[PDB]
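A.B. asks: Take a look at the following structure, please.
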Amino acid sequence: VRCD
Amino acid sequence: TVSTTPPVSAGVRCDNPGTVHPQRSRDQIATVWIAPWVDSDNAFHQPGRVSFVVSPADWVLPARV
Amino acid sequence: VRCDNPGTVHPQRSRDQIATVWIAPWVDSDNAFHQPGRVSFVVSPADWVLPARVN
Amino acid sequence: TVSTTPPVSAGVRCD
Amino acid sequence: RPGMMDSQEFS
Amino acid sequence: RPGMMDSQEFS
Amino acid sequence: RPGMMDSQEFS
Amino acid sequence: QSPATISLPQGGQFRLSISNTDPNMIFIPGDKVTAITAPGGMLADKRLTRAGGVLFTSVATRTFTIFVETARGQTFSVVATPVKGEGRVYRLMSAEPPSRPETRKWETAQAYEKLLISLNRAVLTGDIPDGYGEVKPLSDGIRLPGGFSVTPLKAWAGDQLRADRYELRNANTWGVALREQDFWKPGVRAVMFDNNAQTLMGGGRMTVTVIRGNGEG
Amino acid sequence: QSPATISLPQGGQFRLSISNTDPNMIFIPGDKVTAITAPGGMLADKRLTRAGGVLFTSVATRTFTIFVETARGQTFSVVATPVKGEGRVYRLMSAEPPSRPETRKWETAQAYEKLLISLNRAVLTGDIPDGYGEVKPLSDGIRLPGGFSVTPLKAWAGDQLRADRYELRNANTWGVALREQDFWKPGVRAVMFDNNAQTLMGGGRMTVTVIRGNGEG
Amino acid sequence: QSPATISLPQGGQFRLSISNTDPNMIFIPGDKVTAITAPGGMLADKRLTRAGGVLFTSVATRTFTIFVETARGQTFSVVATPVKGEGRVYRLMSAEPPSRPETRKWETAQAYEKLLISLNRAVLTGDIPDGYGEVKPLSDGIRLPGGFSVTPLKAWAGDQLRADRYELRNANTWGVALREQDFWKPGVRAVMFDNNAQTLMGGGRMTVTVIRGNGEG
Amino acid sequence: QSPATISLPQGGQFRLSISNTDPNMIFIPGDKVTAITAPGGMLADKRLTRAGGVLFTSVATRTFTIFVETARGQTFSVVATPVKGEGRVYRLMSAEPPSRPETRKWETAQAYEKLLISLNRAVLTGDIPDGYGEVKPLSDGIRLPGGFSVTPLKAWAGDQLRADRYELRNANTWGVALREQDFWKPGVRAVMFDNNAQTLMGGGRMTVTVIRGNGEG
């Protein structure tokens, strides 16, 4: 779910 | 021209070589040992090892999995 | 048990600290849109850490 | 250059 | 001094 | 001189 | 001399 | 003890308490007080300090109104109730940023992304630019997304840019990954995280420096 | 607690209470009051304040009309009824704004960023700047993703930057999505898709301009 | 017995006892008090002292508030209750430090030691200083411990020092430990292992830079 | 008889005994007293000597406070009890090293290892550098390893360097071989043994000169  | 430090990283939710939190790299440390020597006031010097930084650090975009 | 040697230590050389700012969309003087992006800077530089022990 | 007086001696706990 | 206020202009 | 103050201005 | 102290500055 | 900060706008009027026997002080964090006016025969003596504050003594007993005026162009009225006691110190915080044409020249002379970087490094280290002055923080200045709470700490303003520091607390038990963009509200211009953080564990204590346009929107 | 903002029209009359024992203040944002007129022997003292402000103290016990004239030819009337109490501040405002100032973008962009932008624009226009002159296109200047075929078209070079245009050809016969970052080759400064189209289909022939560094180091 | 160190915030109020018969002293480390203000006719005598110090003597018998202003725009308040007894010294300190001075290393190293260091660094970088020029590597410049094989690589020489780089080769196929002192030959000034690795294994090929003395005497 | 040494910090206040009929003296080992202040009508006569001390006579009977001030920037308060007797001599030792900008120029002008050598030769012979002044020795300044005890003798300080002499006694029955490194504590900078000693027999009496950074840590 993490995104940068 | 300005430098261009990072080659594109190994190739919500956008896969961009750019826009990744940048880290800085590591400096390089080199050690030189000085031979025991004497000086004009006749003092004998035993220094030991001297460590110096040959290269400053540079920016890096982490590889993205 | 006797020994005659100066107390050797290993250099530490702690790293730098980086802070990144995100720039919100802006239009410049010559009218070119700039979509969101980022600039990063080194808050506190790197440096040699004095040893705590010499044994 | 500065003088270098001692040739290395005949060749806790460091030799 | 009726209605007079103290107005000190500092330099 | 009531309500008065006293201020030395050290050089 | 009330509250007066002896302050001698020597050269 | 610490000085009392009240934060009145240029139209503000605050009922404070003034002392009688011993003197009192009101000072502006960022401006130099130049004039002070009260009903005739109410203020016994007044003096201007080098830092930029005003020391006054009131011997009267009736409640009175005092106007204080600064050099950048500002005026704040305070209503004082003369009570017997020790002297009191008040920190008259601006609450509406002042106009500083000299600061704008330095702000606009240089590039933009550079200016953002500079103002942020300073907020991080604490070396505030010469032109910038302390102003009341915006109570609601950034978007709070899904369970965070904020409290304000400090604020510095020039002419065309602002700067705020907001203490973020994560109420949610689950740790929330945060991206600068979440916080964007119309009128903000950069969001930077001090401790670079991919995620914030519950009970997090993270401050975020956000800058906005002065008077924009 | 907060100034009573009052937007009355030009020549407007606003009835407002004033204090007969304490000074009152009227200020206009963005304007400097020039003169104040009242029935003779009503307002005892009138003083100019930093910026545009009038601090007046009236000992009268009867309602009276007072005219204020600012520095931009604005005249406003006020009907004042003195009353025992605190001094009152009033923020006089214009009704319908006379003019609209178009604030120019103060923001300036970095020099290198401008240099890339100007060249790309010029190549697109086809005008070639004085320094630039035509040469041979580089054989391989970009990454070719998904079966794309590149044919050298045109190029120009100058003292510090060089430009190449290549025509992309799609042999995939699939719906592809363009991301300018894919076409990165160690040593590229910028990539421009002349037609701003997100997805190329089979035979999607977008032409892309890439500026690298002449005199690369 | 020891000054009462008191770190109060700016505009802070600290209630402290003073002596009504003997002089009292207030000093701020790193700051010089510029002015001192108290109710009129409370403090009889006030005197500047070496550095930043105020020696005041008060005959009063009532509590009073006293303001001290330093030379860096700091203002602190103190509530003083005179009492029969010894004079009291107070060390006024700032609460949160405004700035952090980065003290430069004052230490300077010996000239000869620097000369060895610079050359080693330059050789490692590959940049060769102006005085230096390339020549033949010396055939045997170092002691070879434990079956090591040395192959001349590169060298440069100058007016007072000369440099040689040799590639070490390990034929032992054993775990060896390096100590730069082993490679000493009567007449060497310094030995640098380019890769800072303590132990070389079989085929451990570290390259070592040794600076001897050109024009040896 | 010998002068009494008390060692008060810049904030120190010491209750000593002053004489009445015959004069008394207080002197600074390393500084020149320039001013001395006492309650009015308490000190009968005062004189400054060439060495840098102060001769004063007190004819009063009440206990009083005296402030003495030096040229380098220092202030020490002493509380005197007037008793009938002979004159008394007090050695006001510093206890917190003073600031000496002139000494720092000589300290930093030369190299570092040379400076260490110089300061140590001097401590050994007794020819103390001109800028250095006698300061209170550090009670705990070096690491004591496994059974030694220390007592302090003398201390000299400039601006950036200190110097201490510590008398070491070996409690352990077995003789302990000692190496300079054992003694290193954070903040020390050189440890040298006067009688070069590989080992110290029980009941040993060996002094060791250790120097530290002034105010470091």
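By convention in this document, the chains of the structure tokens carry letters A, B, ... by their order, each chain's residues are numbered from 1, and ligands are numbered from 1 in the order they are shown.
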Within 10 Å of residue 54 in chain B, counting only C-alpha atoms, which residues show up once you throw out same-chain ones fewer than 6 positions away? Write them as a PyMOL selection string, please.

C.D. replies: (chain B and resi 27-30) or (chain J and resi 120-122+124-125)

A.B. asks: Include C-alpha atoms and write out the residues we just selected as a PDB file, in the first residue's frame.

C.D. replies:
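Result file part.pdb:
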ATOM      1  CA  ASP B  27      32.695   9.178   1.987  1.00  0.00           C
ATOM      2  CA  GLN B  28      35.902   7.275   1.286  1.00  0.00           C
ATOM      3  CA  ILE B  29      38.457   7.090   4.096  1.00  0.00           C
ATOM      4  CA  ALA B  30      42.152   6.310   3.470  1.00  0.00           C
TER       5      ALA B  30
ATOM      6  CA  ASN J 120      49.409  10.336  -0.778  1.00  0.00           C
ATOM      7  CA  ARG J 121      46.003  11.798  -1.404  1.00  0.00           C
ATOM      8  CA  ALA J 122      46.965  13.125  -4.802  1.00  0.00           C
ATOM      9  CA  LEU J 124      45.328   8.057  -4.803  1.00  0.00           C
ATOM     10  CA  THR J 125      43.154  10.498  -6.732  1.00  0.00           C
TER      11      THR J 125
END

A.B. asks: Excluding range 46-50 of chain H and its own-chain neighbours fewer than 2 positions away, which residues fall within 10 Å of it when counting only C-alpha atoms? Please give them as a ChimeraX atom specification.

C.D. replies: /E:8-11 /F:4-5,7 /H:23-25,27,32-36,43-44,52-58 /J:34-35,69-75

A.B. asks: Just C-alpha atoms for this one: save the residues we selected as a PDB file, in the first residue's frame.

C.D. replies:
ATOM      1  CA  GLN E   8       4.549  60.179  23.416  1.00  0.00           C
ATOM      2  CA  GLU E   9       6.228  59.699  20.045  1.00  0.00           C
ATOM      3  CA  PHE E  10       9.503  57.864  20.613  1.00  0.00           C
ATOM      4  CA  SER E  11      12.547  58.424  18.415  1.00  0.00           C
TER       5      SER E  11
ATOM      6  CA  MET F   4       8.128  57.884  38.660  1.00  0.00           C
ATOM      7  CA  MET F   5      10.882  55.505  37.570  1.00  0.00           C
ATOM      8  CA  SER F   7      16.873  54.106  34.894  1.00  0.00           C
TER       9      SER F   7
ATOM     10  CA  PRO H  23       6.625  49.263  36.237  1.00  0.00           C
ATOM     11  CA  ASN H  24       5.280  47.054  33.387  1.00  0.00           C
ATOM     12  CA  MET H  25       6.381  46.080  29.863  1.00  0.00           C
ATOM     13  CA  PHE H  27       6.922  44.205  23.639  1.00  0.00           C
ATOM     14  CA  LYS H  32       9.938  48.119  17.479  1.00  0.00           C
ATOM     15  CA  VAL H  33       7.318  50.061  19.476  1.00  0.00           C
ATOM     16  CA  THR H  34       7.547  53.754  18.573  1.00  0.00           C
ATOM     17  CA  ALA H  35       4.553  55.434  20.216  1.00  0.00           C
ATOM     18  CA  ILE H  36       2.111  54.726  23.023  1.00  0.00           C
ATOM     19  CA  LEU H  43       0.284  56.981  32.519  1.00  0.00           C
ATOM     20  CA  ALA H  44       2.795  58.308  35.114  1.00  0.00           C
ATOM     21  CA  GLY H  52      12.045  47.694  21.004  1.00  0.00           C
ATOM     22  CA  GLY H  53       9.647  47.396  23.910  1.00  0.00           C
ATOM     23  CA  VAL H  54       7.869  49.927  26.093  1.00  0.00           C
ATOM     24  CA  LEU H  55       8.179  50.317  29.865  1.00  0.00           C
ATOM     25  CA  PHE H  56       5.269  52.220  31.390  1.00  0.00           C
ATOM     26  CA  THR H  57       4.005  52.896  34.935  1.00  0.00           C
ATOM     27  CA  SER H  58       0.287  53.608  35.706  1.00  0.00           C
TER      28      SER H  58
ATOM     29  CA  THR J  34      23.205  47.469  29.613  1.00  0.00           C
ATOM     30  CA  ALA J  35      20.459  48.920  31.803  1.00  0.00           C
ATOM     31  CA  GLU J  69      18.214  44.557  29.786  1.00  0.00           C
ATOM     32  CA  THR J  70      21.370  43.074  28.286  1.00  0.00           C
ATOM     33  CA  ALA J  71      23.357  43.959  25.167  1.00  0.00           C
ATOM     34  CA  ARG J  72      21.796  41.322  22.874  1.00  0.00           C
ATOM     35  CA  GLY J  73      18.194  42.446  23.241  1.00  0.00           C
ATOM     36  CA  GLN J  74      17.338  40.257  26.229  1.00  0.00           C
ATOM     37  CA  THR J  75      15.057  41.571  28.967  1.00  0.00           C
TER      38      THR J  75
END

A.B. asks: What does the structure give for the distance between CA of residue 189 in chain I and CA of residue 171 in chain I, in Å to one decimal?

C.D. replies: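 CA of residue 189 in chain I sits 26.9 Å away from CA of residue 171 in chain I.
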
A.B. asks: For residue 93 in chain I, work out the shell of residues within 9 Å, counting only C-alpha atoms and skipping chain neighbours fewer than 4 positions away, then give it as an NGL selection string.

C.D. replies: :I and (5-9 or 27-29)

A.B. asks: With the cut-off set at 9 Å and counting only C-alpha atoms, tabulate each residue of chain I with an atom at most that distance from an atom of chain C, showing the nearest atom pair and its distance in Å to one decimal, ordered by chain and increasing number, as a tab-separated table.

C.D. replies:
residue	atom	partner	partner_atom	distance
I:104	CA	C:29	CA	7.5
I:105	CA	C:29	CA	5.2
I:106	CA	C:29	CA	6.2
I:107	CA	C:28	CA	5.1
I:108	CA	C:29	CA	5.4
I:109	CA	C:28	CA	6.4
I:117	CA	C:32	CA	8.8

A.B. asks: When you get a sec, could you note down which chain J residues fall within 8 Å of chain H, using only C-alpha atoms, as a list in words?

C.D. replies: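 Residues passing the distance filter: residues 8, 9, 10, 11, 12, 13, 14, 38, 39, 64, 65, 73, 74, 79, 98 and 99 of chain J.
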
A.B. asks: What gap, in Å, lies between CA of residue 30 in chain H and CA of residue 134 in chain H?

C.D. replies: 5.8 Å

A.B. asks: Can you tell me which residues surround residue 44 in chain C at a distance of at most 8 Å, considering only C-alpha atoms, apart from same-chain residues fewer than 3 positions away, and format the answer as JSON, numbers by chain?

C.D. replies: {"C": [16, 17, 18]}
